[PDB]
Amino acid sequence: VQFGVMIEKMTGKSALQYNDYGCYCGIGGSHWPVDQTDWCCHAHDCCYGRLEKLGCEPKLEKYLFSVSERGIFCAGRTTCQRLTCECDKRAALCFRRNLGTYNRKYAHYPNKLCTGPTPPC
């Protein structure tokens, strides 16, 4: 919902165009990322992992944000909510930055096609 709103504001695409992209976007992730957008998702998964190790529940946290001409501003009552926002912001910025190589063929990519090693965080 929130991450999804952020993705839409930053990329011009519906949130559904990222939610099962490549090997990393959406739940889980293994093998080698298909492209730069998928690397965004690999880094996002790593970011959430760091937050879980800090005591946060980033898959559940809800935060506040705005998008102005100046960028994305994150907020929230708790530090865990602000951290979750920051992980999402990095990923949404990374998606935007890689719009040029986004490929519709990797949307809803069947994870059975994912091959190669799993890069470490």
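The first residue of the shown sequence is 1; numbering continues from there.
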Between the two ranges 56 to 64 and 75 to 83, the one averaging a larger CA B factor in the entry: 56 to 64
Mean Cα B-factor comparison, 65 to 73 or 35 to 43, giving the higher one as deposited: 65 to 73
Lowest, middle or highest third - CA B-factor, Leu16: highest
Third of the chain, ranked by Cα B-factor, where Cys23 sits: lowest
